[PDB]
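Topology and contacts: notes
Read off the chains here:
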Amino acid sequence: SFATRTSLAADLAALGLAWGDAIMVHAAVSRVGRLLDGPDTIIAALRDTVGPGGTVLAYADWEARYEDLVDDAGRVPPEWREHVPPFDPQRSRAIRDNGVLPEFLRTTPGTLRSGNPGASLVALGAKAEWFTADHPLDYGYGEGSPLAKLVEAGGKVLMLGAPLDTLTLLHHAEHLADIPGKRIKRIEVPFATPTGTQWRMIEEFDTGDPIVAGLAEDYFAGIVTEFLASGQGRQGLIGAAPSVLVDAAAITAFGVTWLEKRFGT
Amino acid sequence: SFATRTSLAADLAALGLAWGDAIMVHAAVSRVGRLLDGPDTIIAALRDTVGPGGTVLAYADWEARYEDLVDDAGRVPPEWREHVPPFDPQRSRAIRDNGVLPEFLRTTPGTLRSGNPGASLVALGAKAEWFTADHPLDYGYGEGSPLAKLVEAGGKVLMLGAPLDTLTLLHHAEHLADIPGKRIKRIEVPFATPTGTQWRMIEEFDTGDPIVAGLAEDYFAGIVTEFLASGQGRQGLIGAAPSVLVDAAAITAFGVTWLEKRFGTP
Ligand SMILES: CC(C)(COP(=O)(O)OP(=O)(O)OC[C@H]1O[C@@H](n2cnc3c(N)ncnc32)[C@H](O)[C@@H]1OP(=O)(O)O)[C@@H](O)C(=O)NCCC(=O)NCCS
Ligand SMILES: CC(C)(COP(=O)(O)OP(=O)(O)OC[C@H]1O[C@@H](n2cnc3c(N)ncnc32)[C@H](O)[C@@H]1OP(=O)(O)O)[C@@H](O)C(=O)NCCC(=O)NCCS
Ligand SMILES: NC[C@@H]1O[C@H](O[C@H]2[C@@H](O)[C@H](O[C@@H]3[C@@H](O)[C@H](N)C[C@H](N)[C@H]3O[C@H]3O[C@H](CN)[C@@H](O)[C@H](O)[C@H]3N)O[C@@H]2CO)[C@H](N)[C@@H](O)[C@@H]1O
Ligand SMILES: NC[C@@H]1O[C@H](O[C@H]2[C@@H](O)[C@H](O[C@@H]3[C@@H](O)[C@H](N)C[C@H](N)[C@H]3O[C@H]3O[C@H](CN)[C@@H](O)[C@H](O)[C@H]3N)O[C@@H]2CO)[C@H](N)[C@@H](O)[C@@H]1O
């Protein structure tokens, strides 16, 4: 009853994961079953399937609970400024909400982490250095982001037992969509620097809620569901977890058209 | 209401943690309260209290589920041998049973991890290399082990909200105790090599149960309780967690004498 890196790789190949793919994974490890090496079995299986020319990616985000202390302009009060732990791409943990896997991937020797804290991705493999390079600090889900590079690279996204609304790539569709009423987030971010802490104001479309009013919180799952229903994407089991595999460029264009059809002109 | 690295260091100083100390920590991080930097707040506070001359240590162990497959001699079935992930001191996770802190410390840049998988410790600070170097693979809780070095260096053990029965150092007292009937655990451990997996049999006194028959599972808690009752050690709050701080040499000698009184003949 032990799932192994060999058995999971066979499940991944049957689902459609291909040699040389850049694969981004959102996993609910508790639904995969008994794993011989725990969550690292999934990372090893993904690397075995894509090979040294492929890349394994996950959404890291940043564990930064100082967000509760900020005012309405997103500023940290001066009495708290020197206590907020600054962002270090090599030492800052991945956010706990994303699950154990993004942190397990981040601490795998050889994995790189991009510089935009809230929008940061981890990448391990051939194009990891390119995926994590030059992440724009403002609107880090847009044109120069790792998510845009995932579309650029013809990559794929694997929902490994995770609820479909956790597909981070659809925030990149939210960014691109020509629709009105886009919600905006502004927050002060501390950055670790060799000379001390450097504060910077960050502006981006708010990803803590749907980009526009009139949408349910988990509305991403409805887009993925309709994307599967249109005959695109693949569904199957990875271990014991019902999983979904989608093409990054196709789902992004679907999401952009989905938003621009319902909202705006 | 956010526990911070400055506030936790103040709690640690009030408990007795001193500049330059080598401190081994057993933590129940959920009891510390709301932390501004999560579990890393505790690690940063410990480093701030001991300073650059001090060292922060935790019991890492090893997350290795293949023990369920072993036969009656502790041997791995041949059809499973090449599938068991081998031990890598830099890549093998800390065991999940020990809590989030040992894994967070292990993955902090600057931390080293010793080579005995089941008994491995992590160390961060001045003596991290000395604490984790040349960990004997057999009887990895005895002579020349990181636990013996913690005693050698006059280090301390911090129970940060953790149950007193998780004090790993008392396994070093179990090893040293001159008592009969000591149970021995022997199991196959895979070691990572460039050429594949290298299997080795590991022999040690069994630390999954009391060293001798007739003892309760949490009997370590009884030793610390009696150790505190004798007027030794310090008690206090670290954040919101009731904590205990003890001298590594004192608790070890207390534990050895405790076992040699109940069991063993002069
Ligand atoms: C939130 C979410 C992760 C919860 O699902 P989950 O399976 O319960 O959480 P995890 O993915 O961390 O998997 C937990 C399993 O991993 C294993 N695990 C967790 N920590 C472990 C550790 N230190 N050591 C070994 N194994 C561990 C365990 O098997 C655990 O199962 P258990 O708690 O039942 O014993 C999932 O619903 C989800 O949304 N995933 C997508 C995340 C994402 O990418 N989000 C983007 C922003 S929304
Ligand atoms: C078993 C034991 C760890 C359980 O105590 P615990 O506090 O509930 O578990 P942890 O120490 O891992 O800390 C949990 C807290 O850490 C935080 N945490 C856990 N994972 C986190 C993550 N990825 N990111 C940020 N914070 C995290 C959370 O605050 C979590 O609280 P929550 O799970 O209620 O939300 C504790 O009782 C114990 O025995 N500690 C000593 C273990 C030891 O060293 N044993 C050696 C021989 S037995
Ligand atoms: N949900 C209501 C809103 O939540 C905000 O905080 C939210 C925010 O920190 C964080 O949101 C994070 C963002 O950061 C990150 N950049 C992308 C990520 N997908 C998103 O995640 C959130 O949206 C997903 C749906 N795609 C959900 O699956 C997920 O459970 C949820 N945490 O989770 C918190 C709660 O979801 C604010 N508190 C406030 O704007 C309002 O309360
Ligand atoms: N206790 C009963 C026995 O437990 C064994 O497994 C045990 C073993 O793998 C493992 O034991 C681990 C050892 O590894 C490790 N080298 C030191 C560590 N202190 C110890 O931990 C154990 O003993 C502590 C008390 N010091 C307890 O606080 C802790 O809850 C317990 N997990 O946890 C399991 C539960 O203790 C066997 N299943 C079987 O021989 C029998 O059931």
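Basis of the calculations
Residues numbered from 1 in each chain as written, not as in the entry; some residues may be left out. Chains lettered and ligands numbered in written order. Heavy atoms only, no water. UniProt positions renumbered as here; feature names shortened; annotations may be inferred. 1 Å grid on protein atoms, 1.4 Å probe; cavity = no way out; pocket = protein on both sides within 12 Å on 5 of 7 lines; lining within 4 Å. Helix = DSSP H or I, 4+ residues; strand = E, 2+ residues; numbered from the N terminus. Contact = heavy atoms within 4.5 Å. Points joined across faces, edges and corners; volume = space filled by probe spheres on them. Pairing = 2+ DSSP bridges. Axes fitted to C-alpha atoms, helices over the stretch in contact; angles between N-to-C directions. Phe/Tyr/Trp six-rings, centres within 6.5 Å; stacked < 30°, edge-to-face > 60°. Buried < 20%, exposed > 50% of the residue type's maximum accessible area, 1.4 Å probe, protein only. Parallel < 35°, antiparallel > 145°, perpendicular 65-115°, else oblique. Left-handed = near helix turned anticlockwise from the far one by under 90°. Nonpolar A, V, L, I, M, F, W, Y, C, P; charged D, E, K, R; others polar. Salt bridge = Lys/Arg side-chain N within 4 Å of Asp/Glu carboxyl O. Buried area = accessible area lost by both parts, 1.4 Å probe. Core = buried A, V, L, I, M, F, W, Y, C linked by side-chain atoms within 4.5 Å. Polar contact = N/O pair within 3.5 Å; in protein donor to acceptor, adjacent residues only side chain to side chain.

Per the PDB record, the structure was determined using X-ray crystallography to 2.500 Å resolution.

1. Concerning the UniProt feature "binding site: CoA" (unreviewed entry) in chain B
Residues and elements named next belong to chain B. The sites that UniProt annotates as "binding site: CoA" (unreviewed entry) are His26, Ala27, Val29, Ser30, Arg96 and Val100. Lining residues of the largest pocket drawn from the annotated list: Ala27, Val29, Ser30, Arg96 and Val100. Mapping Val29 onto the fold places it in the loop between β1 (22-27) and α2 (40-50). Here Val29 is in contact with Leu35, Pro39, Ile42, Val100 and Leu101, once residues within four sequence places are set aside. Locating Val100 in the fold gives a position in helix α3 (residues 100-106). Once residues within four sequence positions are removed from consideration, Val100 is found in contact with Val29 and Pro39.

2. Structural notes on empty space enclosed by the protein
All names here are of chain B. The final tally for this structure, using the stated rule, is 2 cavities of 30 Å³ or more. Counted as a void, the largest cavity has a volume near 50 Å³. If you trace the largest cavity, you find it lined by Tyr139, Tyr141, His171, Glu174, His175, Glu204, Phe205, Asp206, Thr207 and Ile211. Listed by contribution, the elements that provide at least two residues to the lining of the largest cavity are α6 (169-176) and β7 (196-205).

3. What to know about the environment of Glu204 of chain A
Checked against the element boundaries, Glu204 of chain A lands in strand β7 (residues 196-205). Setting aside anything within four residues of it in sequence, one finds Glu204 of chain A in contact with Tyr139, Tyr141, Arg183, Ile184 and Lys185 of chain A.

4. Observations concerning the sheet that holds strand β1 (residues 22-27) of chain A
All names here are of chain A. Across the sheet, which stays open at both edges, the 7 strands sit in the order β3-β4-β2-β1-β5-β9-β8 with mixed pairing between neighbours. In the strand order of this sheet, the two ends are held by β3 (112-113) and β8 (234-238), each with one partner. Those strands touched by helix α2 (residues 39-50) are β1, β2 (55-59), β4 (121-125) and β5 (156-160), and its axis lies near 140° from that of β2.

5. A look at the packing of aromatic side chains
How two aromatic rings sit relative to each other is given by the distance of their centres and the angle of their planes. Summed over the entire model, instances satisfying the criterion amount to 20 aromatic pairs over all chains. For the pair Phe227 of chain A and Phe254 of chain A, a centre-to-centre distance of 5.5 Å together with 75° between the ring planes defines the contact as edge-to-face. Within this pair, whereas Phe227 of chain A is found in helix α8 (residues 219-229), its partner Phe254 of chain A is found in helix α9 (residues 248-262), the two being separated by 27 residues in sequence. Residue class for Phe227 of chain A comes out buried when judged on its relative accessible area of 1%. Measuring from ring centre to ring centre gives 5.4 Å for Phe227 of chain B and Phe254 of chain B, while their planes differ by 80°; the resulting arrangement is edge-to-face.

6. Thoughts on the packing of α6 of chain B against helix α8 (residues 248-262) of chain B
Residue and element names in this part refer to chain B. Where α6 contacts α8, the axes come no closer than 8 Å and their chain directions differ by 45°. Taken together, the axes of α6 and α8 are oblique relative to one another. Along this stretch, α6 crosses α8, giving a crossing that reads as right-handed. Two secondary-structure elements touch here, α6 through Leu169, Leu170, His172, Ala173, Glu174 and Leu176 and α8 through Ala248, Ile251, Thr252, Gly255, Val256, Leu259 and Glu260. The residue makeup of the contact of α6 with α8, split by class, is 8 nonpolar, 3 polar and 2 charged.

7. Things to note about the sheet that holds strand β4 (residues 121-125) of chain B
Residue and element names in this part refer to chain B. Strand order in the open sheet made by the 7 strands is β3-β4-β2-β1-β5-β9-β8, with mixed pairing throughout. Looking along the sheet, the strands with just one partner apiece sit at the ends: β3 (112-113) and β8 (234-238). With 2 bridges connecting them, β3 and β4 associate as antiparallel partners. Among the inter-strand pairings, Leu112 is bridged to a residue of β4, identified as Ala123.

8. So, the pattern of salt bridges
In total, this model carries 24 salt bridges over all chains according to the counting rule given. The partner of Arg34 of chain B in a salt bridge is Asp68 of chain A, and the shortest N-O contact between them spans 2.7 Å. With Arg34 of chain B in the loop between β1 and α2 and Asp68 of chain A in the loop between β2 and α3 (78-81), the pair connects residues from two separate chains. Overall, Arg34 of chain B belongs to the partly exposed group, its relative accessible area being 43%. Judged by relative accessible area, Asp68 of chain A falls into the exposed class, the value being 53%. Residues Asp21 of chain B and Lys156 of chain B are paired through a salt bridge, measuring 2.6 Å at the closest nitrogen-oxygen approach. Note that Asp21 of chain B is positioned in the loop between α1 (5-15) and β1 and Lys156 of chain B in strand β5 (residues 156-160), a separation of 135 residues in sequence. Residue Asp21 of chain B is classed as buried on the basis of its relative accessible area of 12%.

9. A few points about the interface of chain B and chain A
With 23 residues of chain B in contact, the opposing surface of chain A contributes 24 residues. A combined buried area of about 2100 Å² lies between chain B and chain A, and 58% of that area is made up of carbon and sulfur atoms. Remark: the boundary between chain B and chain A carries 3 salt bridges. Classifying every residue of the side of chain B that touches chain A by side-chain character gives 9 nonpolar, 6 polar and 8 charged.

10. Things to note about the nonpolar core
Ranked by size, the top nonpolar core spans 41 residues in total, and within it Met24, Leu57, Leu150, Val157, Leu167, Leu170 and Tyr219 of chain A carry the most contacts. Among the elements that make up this core, the one with the highest residue count is α8 of chain A (7 residues). The residues contacting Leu170 of chain A, other than those within four sequence positions of it, are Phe220, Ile223, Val224, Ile251 and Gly255 of chain A. Listed in part, the 40 residues of the second largest apolar core include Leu121, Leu169, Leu215 and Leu259 of chain B.

11. Here we look at the pairing of β8 of chain B
All names here are of chain B. Where β8 lies against strand β9 (residues 241-247), 5 bridges are found, and the strand directions are antiparallel. In the strand pairing of β9, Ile238 is matched with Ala241. Connecting β8 to the antiparallel partner β9 that follows it, the hairpin turn spans 2 residues, and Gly239 within it adopts a positive phi of roughly 65°.

12. Remarks on the side chain of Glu174 of chain A
Residue and element names in this part refer to chain A. Following the sequence through the fold, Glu174 ends up in helix α7 (residues 169-176). Here the side chain of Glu174 touches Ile211 through a polar contact of 3.2 Å, landing on its backbone nitrogen. When residues no more than four places from it in sequence are discounted, the contact partners of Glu174 are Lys182, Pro210, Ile211, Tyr219, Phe220 and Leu259.

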